[PDB]
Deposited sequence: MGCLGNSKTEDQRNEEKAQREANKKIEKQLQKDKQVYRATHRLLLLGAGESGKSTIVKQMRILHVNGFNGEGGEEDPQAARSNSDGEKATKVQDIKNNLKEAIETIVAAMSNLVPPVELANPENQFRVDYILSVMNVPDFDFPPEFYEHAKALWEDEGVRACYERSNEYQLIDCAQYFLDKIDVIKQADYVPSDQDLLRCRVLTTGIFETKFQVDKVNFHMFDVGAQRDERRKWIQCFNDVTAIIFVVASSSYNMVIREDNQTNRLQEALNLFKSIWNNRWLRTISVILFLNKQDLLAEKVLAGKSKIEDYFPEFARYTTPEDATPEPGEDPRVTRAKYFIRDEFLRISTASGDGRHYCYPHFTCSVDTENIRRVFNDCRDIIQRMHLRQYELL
């Protein structure tokens, strides 16, 4: 009497298995990114530009036939220790931080603490971080006029000079580059302090211009996957 119960179940299993395989193909064909920051650093303005287009605000785009789904959490609570574990399989975390809001209330220290907590995580230890330096034009405007000074909030800044391997843009005073590279190598130091041999970090200077930026994240995911493939084969 179990004839009808078996064949229908078998054909349903086969059909749904073929469908889930066809959809898993697409799931593997795409990529996922998680965008976050310290807050009030221009997330709306950058999502107007980076995406170029209710706790989980998602935006799907595609470049050079590879697709990326960027996920925002701008509608959640303040505590971020329980829900942040869900983003374990995400390949990249875009950490957008403001670099001129140090005085208006040590937001740079808050971003550094957030980066340190993310880097030394139990489950996020295998996730690389993409780093942006927002409002560089505001840095230039605030160091030239004399609005504030980094030395007051960072004593070791007085014993730091601009590196020789930098890329100073023409027509830029040395103080802007000094402060920007100080922020950059402080972030790089707090990143490379621990190290795993599994993930890395990539600094960038953008969001001061409103030009294209999708190429940066594309190349970053590309060489991140390249590095993880090299590490998988021990050839790295």
| property | result |
| --- | --- |
| Segments lacking C-alpha coordinates (deposited sequence numbering, starting at 1) | 1 to 10, 64 to 204, 256 to 262 |
